[PDB]
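Enquirer: Once you've had a glance at the structure underneath, I'll fire off some questions.
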Amino acid sequence: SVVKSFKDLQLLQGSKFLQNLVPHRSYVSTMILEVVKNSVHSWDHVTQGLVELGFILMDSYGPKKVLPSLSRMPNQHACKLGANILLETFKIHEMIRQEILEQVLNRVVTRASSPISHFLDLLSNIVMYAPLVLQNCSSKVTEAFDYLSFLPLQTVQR
Amino acid sequence: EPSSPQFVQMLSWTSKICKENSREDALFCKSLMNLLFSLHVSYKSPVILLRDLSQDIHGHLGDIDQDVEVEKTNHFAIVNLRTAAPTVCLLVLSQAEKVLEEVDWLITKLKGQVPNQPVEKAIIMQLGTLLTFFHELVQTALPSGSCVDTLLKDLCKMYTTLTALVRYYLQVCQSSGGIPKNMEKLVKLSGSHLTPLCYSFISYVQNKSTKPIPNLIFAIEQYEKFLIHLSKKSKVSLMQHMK
DNA sequence: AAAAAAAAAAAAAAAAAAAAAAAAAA
DNA sequence: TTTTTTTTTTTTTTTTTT
């Protein structure tokens, strides 16, 4: 339901003839990012499923072809919807830090053969956003320092 | 920005270069036509430009029956015997494939829908203009490279879109009751103009001496079968328009 | 008034895309 | 003689059937 939405949006944006007919529909991307805003109050039931959708979108649609439009642009846009789900979910839900942050790190550290640039982007965003909110969930970082020797060099620099 | 006057200035300049300068070198014509199309399709539907370019291809290449004297060189100057035969045909058929994908998306959303009337009016307008476009190309003699099988595949896509359209008409005809008149002219044009010359083109490609031609004949017979069911369940005889 | 092989998991087939090789032109 | 393009092949992914 997310990949179909991005295919539809790419098809309309590439052609004016379809822009004249079809009146501007909300897409599943904007609806999901509304769910993450809505869930702040009491909806903790929702947010453990937001985290699983985030990492299913990133895990399934991340790059591999560099280690084209149709294999690239509705898969680039889903994988960057994933990171947006997890970064907006990380900011407001003060209890699924250490469930995103130990799972981002667990994909950066252990995979290291498949391309993982998207997780380093997400980890950069998560850190850079607030290291003030990461000093309450910091030991998940310093347990991946002990695995730094065995990584390839570019992953260590990154 | 695609609504700016500088967009229209760039589109007019590109079109003027396309209307004057010949330049017999395939890569230059291909990249310049791609620039023109890329500008055009973000402004308005390209079907007029596709129609004129098919007329140029028909005028340069000729006909299958070798007794049709047609020359329409006035339209677009970047059309040559060494340019329009290998390279321009693939580009105009690829853009036509894109327009067929767009109307397929519209047809599928119109099936799922049951905002109603102008949508289907624009759909049958694009299909009519593309029908005249395809009518101009089916009579021509293309080289036996990728061009002929690309024409068969895109004609299969054309007939598939027509089949899906009359399928939506089969879905909708019970609630309202009746066929709009523009659809009647469209099915007259598809029966009279396209399909006999499609048969003649199959004979033309077959006589000169394996998968696309069975696909195409299956597509056209499924079109005729769904048209039988529509002409029964619509209280109108659309086979007197057909041959 | 006529139409279908869909029947939780797995396997096979088809399609598409990417890479490699070969041929041609300067 | 080299570089680019085109054509073919192989691999991977998705869908449909048992």
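Every chain in the structure tokens has a letter given in the order shown (A, B, ...), and although residue numbers restart at 1 in each chain, ligands are simply numbered from 1 in the order shown.
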Compile the contact shell of region 102-118 of chain B as a list in words: residues with an atom at most 10 Å away, counting only C-alpha atoms (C1' of nucleotides), same-chain residues fewer than 6 positions apart removed.

Expert: residues 8, 11, 12, 15, 17, 18, 21, 22 and 23 of chain A; 96, 124, 126, 127, 157, 158, 160, 161, 162, 164, 165, 167, 168, 169, 171, 172 and 180 of chain B

Enquirer: Just want the 10 Å neighbourhood of region 130-135 of chain A, counted on only C-alpha atoms (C1' of nucleotides), with same-chain residues fewer than 3 positions away dropped. Output as an MDAnalysis selection string.

Expert: chainID A and resid 90:91 94 97:98 101 125:127 138:141

Enquirer: Store the residues picked out above, limited to N, CA and C atoms, as a PDB file, in the first residue's frame.

Expert:
ATOM      1  N   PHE A  90      10.932   8.109  16.807  1.00  0.00           N
ATOM      2  CA  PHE A  90      12.024   8.211  17.789  1.00  0.00           C
ATOM      3  C   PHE A  90      11.898   9.499  18.571  1.00  0.00           C
ATOM      4  N   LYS A  91      11.431  10.586  17.966  1.00  0.00           N
ATOM      5  CA  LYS A  91      11.517  11.902  18.595  1.00  0.00           C
ATOM      6  C   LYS A  91      10.531  12.010  19.740  1.00  0.00           C
ATOM      7  N   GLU A  94       9.150   8.319  23.921  1.00  0.00           N
ATOM      8  CA  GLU A  94      10.352   8.288  24.781  1.00  0.00           C
ATOM      9  C   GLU A  94      10.670   6.895  25.300  1.00  0.00           C
ATOM     10  N   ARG A  97      13.025   4.507  22.043  1.00  0.00           N
ATOM     11  CA  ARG A  97      14.475   4.678  21.935  1.00  0.00           C
ATOM     12  C   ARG A  97      15.058   3.454  22.636  1.00  0.00           C
ATOM     13  N   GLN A  98      16.182   2.960  22.160  1.00  0.00           N
ATOM     14  CA  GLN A  98      16.782   1.657  22.473  1.00  0.00           C
ATOM     15  C   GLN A  98      16.023   0.565  21.787  1.00  0.00           C
ATOM     16  N   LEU A 101      17.226   2.441  18.228  1.00  0.00           N
ATOM     17  CA  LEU A 101      18.676   2.702  18.286  1.00  0.00           C
ATOM     18  C   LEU A 101      19.469   1.439  18.512  1.00  0.00           C
ATOM     19  N   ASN A 125      20.967  11.079  11.540  1.00  0.00           N
ATOM     20  CA  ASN A 125      19.759  11.922  11.790  1.00  0.00           C
ATOM     21  C   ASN A 125      19.335  11.810  13.249  1.00  0.00           C
ATOM     22  N   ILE A 126      19.261  10.584  13.728  1.00  0.00           N
ATOM     23  CA  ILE A 126      18.798  10.246  15.091  1.00  0.00           C
ATOM     24  C   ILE A 126      19.735  10.897  16.093  1.00  0.00           C
ATOM     25  N   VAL A 127      21.048  10.765  15.891  1.00  0.00           N
ATOM     26  CA  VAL A 127      22.087  11.314  16.805  1.00  0.00           C
ATOM     27  C   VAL A 127      22.035  12.858  16.760  1.00  0.00           C
ATOM     28  N   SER A 138      22.202   5.722  25.753  1.00  0.00           N
ATOM     29  CA  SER A 138      23.591   5.888  25.253  1.00  0.00           C
ATOM     30  C   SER A 138      24.361   4.578  25.238  1.00  0.00           C
ATOM     31  N   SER A 139      24.148   3.691  26.218  1.00  0.00           N
ATOM     32  CA  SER A 139      24.886   2.410  26.341  1.00  0.00           C
ATOM     33  C   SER A 139      24.620   1.494  25.148  1.00  0.00           C
ATOM     34  N   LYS A 140      23.596   1.738  24.373  1.00  0.00           N
ATOM     35  CA  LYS A 140      23.377   0.956  23.163  1.00  0.00           C
ATOM     36  C   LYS A 140      24.410   1.325  22.130  1.00  0.00           C
ATOM     37  N   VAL A 141      25.053   2.487  22.277  1.00  0.00           N
ATOM     38  CA  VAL A 141      26.104   3.012  21.342  1.00  0.00           C
ATOM     39  C   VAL A 141      27.422   2.353  21.747  1.00  0.00           C
TER      40      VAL A 141
END

Enquirer: I'd like the neighbourhood of residue 55 (chain A) as a VMD selection string, where a residue qualifies if any of its atoms comes within 9 Å (using only C-alpha atoms (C1' of nucleotides)), though same-chain residues fewer than 5 positions away should be ignored.

Expert: chain A and resid 50 60 79 82 to 83 85 to 86 100 103 to 104

Enquirer: Write the residues of the preceding selection, restricted to N, CA, C and O atoms, as a tab-separated table (two decimals), in the first residue's frame.

Expert:
chain	number	residue	atom	x	y	z
A	50	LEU	N	4.34	0.83	14.24
A	50	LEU	CA	5.03	1.82	13.40
A	50	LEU	C	6.50	1.43	13.26
A	50	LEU	O	7.02	1.54	12.14
A	60	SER	N	13.49	-3.80	3.18
A	60	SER	CA	13.02	-4.38	1.91
A	60	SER	C	13.38	-3.55	0.71
A	60	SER	O	13.60	-4.15	-0.31
A	79	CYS	N	12.02	3.54	1.10
A	79	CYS	CA	13.13	3.44	2.05
A	79	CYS	C	13.40	4.73	2.79
A	79	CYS	O	13.99	4.70	3.78
A	82	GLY	N	10.49	4.95	5.31
A	82	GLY	CA	10.91	4.19	6.48
A	82	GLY	C	11.72	5.04	7.42
A	82	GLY	O	11.39	5.11	8.54
A	83	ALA	N	12.78	5.63	7.00
A	83	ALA	CA	13.62	6.38	7.90
A	83	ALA	C	12.86	7.55	8.48
A	83	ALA	O	13.19	7.93	9.56
A	85	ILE	N	9.52	7.56	9.18
A	85	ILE	CA	8.67	6.88	10.20
A	85	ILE	C	9.46	6.70	11.48
A	85	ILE	O	8.95	7.08	12.53
A	86	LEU	N	10.71	6.19	11.39
A	86	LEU	CA	11.53	5.83	12.56
A	86	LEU	C	12.12	7.06	13.16
A	86	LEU	O	12.27	7.10	14.32
A	100	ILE	N	14.68	1.27	18.42
A	100	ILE	CA	15.16	1.75	17.13
A	100	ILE	C	16.67	1.80	17.20
A	100	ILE	O	17.32	1.23	16.32
A	103	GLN	N	18.46	-1.38	17.22
A	103	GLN	CA	18.23	-2.12	15.97
A	103	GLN	C	18.83	-1.45	14.74
A	103	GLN	O	18.97	-2.12	13.72
A	104	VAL	N	19.04	-0.15	14.78
A	104	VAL	CA	19.77	0.56	13.70
A	104	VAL	C	21.18	0.04	13.76
A	104	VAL	O	21.69	-0.37	12.71

Enquirer: Any chance you could list, as a ChimeraX atom specification, the residues in region 2-39 of chain A that come up helix (DSSP H, G or I) when DSSP is run on the backbone?

Expert: /A:3-13,16-21,28-38

Enquirer: Those residues you just picked out, can you put them in a file as a compact mmCIF listing (two decimals), in the first residue's frame with N, CA and C atoms?

Expert:
# COMPACT_ATOMS: atom_id res chain seq x y z
N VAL A 3 4.18 1.37 -1.56
CA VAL A 3 4.84 1.35 -2.89
C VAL A 3 3.81 1.73 -3.98
N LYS A 4 2.57 1.27 -3.87
CA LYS A 4 1.57 1.62 -4.88
C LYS A 4 1.35 3.10 -4.85
N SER A 5 1.33 3.70 -3.69
CA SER A 5 1.06 5.14 -3.60
C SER A 5 2.16 5.90 -4.32
N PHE A 6 3.39 5.48 -4.15
CA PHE A 6 4.52 6.21 -4.76
C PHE A 6 4.55 6.00 -6.24
N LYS A 7 4.15 4.84 -6.73
CA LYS A 7 4.02 4.64 -8.19
C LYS A 7 2.99 5.57 -8.80
N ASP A 8 1.85 5.69 -8.14
CA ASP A 8 0.75 6.58 -8.59
C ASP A 8 1.22 8.04 -8.65
N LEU A 9 1.91 8.46 -7.60
CA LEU A 9 2.36 9.86 -7.47
C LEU A 9 3.41 10.16 -8.55
N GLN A 10 4.28 9.21 -8.84
CA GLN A 10 5.32 9.43 -9.86
C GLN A 10 4.65 9.56 -11.22
N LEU A 11 3.65 8.71 -11.49
CA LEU A 11 2.91 8.73 -12.77
C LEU A 11 2.20 10.06 -12.95
N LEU A 12 1.53 10.60 -11.94
CA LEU A 12 0.86 11.91 -12.08
C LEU A 12 1.90 13.00 -12.23
N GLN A 13 2.99 12.97 -11.47
CA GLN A 13 3.94 14.11 -11.46
C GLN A 13 4.65 14.19 -12.79
N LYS A 16 1.13 16.23 -17.31
CA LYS A 16 0.19 17.32 -16.99
C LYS A 16 -1.22 16.84 -17.28
N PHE A 17 -1.39 16.02 -18.32
CA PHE A 17 -2.71 15.49 -18.76
C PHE A 17 -3.41 14.77 -17.61
N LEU A 18 -2.66 14.07 -16.81
CA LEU A 18 -3.25 13.45 -15.61
C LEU A 18 -3.42 14.47 -14.49
N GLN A 19 -2.70 15.58 -14.50
CA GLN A 19 -2.80 16.58 -13.41
C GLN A 19 -4.10 17.36 -13.59
N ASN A 20 -4.50 17.54 -14.84
CA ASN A 20 -5.75 18.27 -15.13
C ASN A 20 -6.94 17.46 -14.61
N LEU A 21 -6.93 16.12 -14.73
CA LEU A 21 -8.16 15.32 -14.51
C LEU A 21 -8.25 15.02 -13.03
N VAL A 28 -0.66 7.72 0.84
CA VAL A 28 -0.47 6.86 2.03
C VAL A 28 0.72 7.35 2.83
N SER A 29 1.72 7.89 2.19
CA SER A 29 2.86 8.57 2.84
C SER A 29 2.40 9.66 3.80
N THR A 30 1.51 10.55 3.36
CA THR A 30 1.06 11.65 4.24
C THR A 30 0.15 11.13 5.34
N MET A 31 -0.58 10.05 5.06
CA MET A 31 -1.48 9.47 6.07
C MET A 31 -0.66 8.85 7.16
N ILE A 32 0.40 8.11 6.81
CA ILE A 32 1.27 7.43 7.81
C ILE A 32 1.98 8.48 8.67
N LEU A 33 2.45 9.53 8.04
CA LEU A 33 3.14 10.53 8.84
C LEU A 33 2.14 11.32 9.66
N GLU A 34 0.84 11.19 9.39
CA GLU A 34 -0.20 11.79 10.27
C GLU A 34 -0.46 10.86 11.45
N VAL A 35 -0.42 9.55 11.22
CA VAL A 35 -0.57 8.54 12.29
C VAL A 35 0.51 8.73 13.35
N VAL A 36 1.72 9.01 12.92
CA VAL A 36 2.88 9.11 13.84
C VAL A 36 2.68 10.37 14.65
N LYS A 37 2.13 11.45 14.06
CA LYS A 37 1.83 12.67 14.83
C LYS A 37 0.73 12.40 15.85
N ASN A 38 -0.31 11.68 15.42
CA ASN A 38 -1.52 11.42 16.22
C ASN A 38 -1.15 10.56 17.43

Enquirer: CA of residue 80 (chain B) and CA of residue 19 (chain B) are how many Å apart?

Expert: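 Between CA of residue 80 (chain B) and CA of residue 19 (chain B) the gap works out to 12.8 Å.
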
Enquirer: Residues of chain B were defined as contacting chain C if any atom lay at most 12 Å from it, counting only C-alpha atoms (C1' of nucleotides); please report them as a VMD selection string.

Expert: chain B and resid 229 232 to 233

Enquirer: For chain A, which residue out of B:6, B:34, B:15, B:42 is the nearest one, using only C-alpha atoms?

Expert: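 Of B:6, B:34, B:15, B:42, the one nearest chain A, counting only C-alpha atoms, is B:42.
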
Enquirer: Can you work out which residues from chain A touch chain D at a cut-off of 12 Å (counting only C-alpha atoms (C1' of nucleotides)) and hand them back as a VMD selection string?

Expert: chain A and resid 64 to 65 71

Enquirer: Can I get the residues of chain B within 6 Å of chain A, each with the closest pair of atoms and their distance in Å to one decimal, using only C-alpha atoms, sorted chain first then ascending number, as a Markdown table?

Expert:
| residue | atom | partner | partner_atom | distance |
| --- | --- | --- | --- | --- |
| B:41 | CA | A:15 | CA | 5.8 |
| B:42 | CA | A:15 | CA | 5.3 |
| B:43 | CA | A:16 | CA | 5.9 |
| B:44 | CA | A:16 | CA | 5.8 |
| B:45 | CA | A:17 | CA | 5.6 |

Enquirer: What's the separation between CA of residue 51 (chain A) and CA of residue 2 (chain A), in Å to one decimal place?

Expert: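 Taking CA of residue 51 (chain A) as the start and CA of residue 2 (chain A) as the end point, the length is 15.2 Å.
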
Enquirer: Should the cut-off be 12 Å, what would the residue list for chain B against chain D look like, counting only C-alpha atoms (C1' of nucleotides), as a count of residues only?

Expert: 3
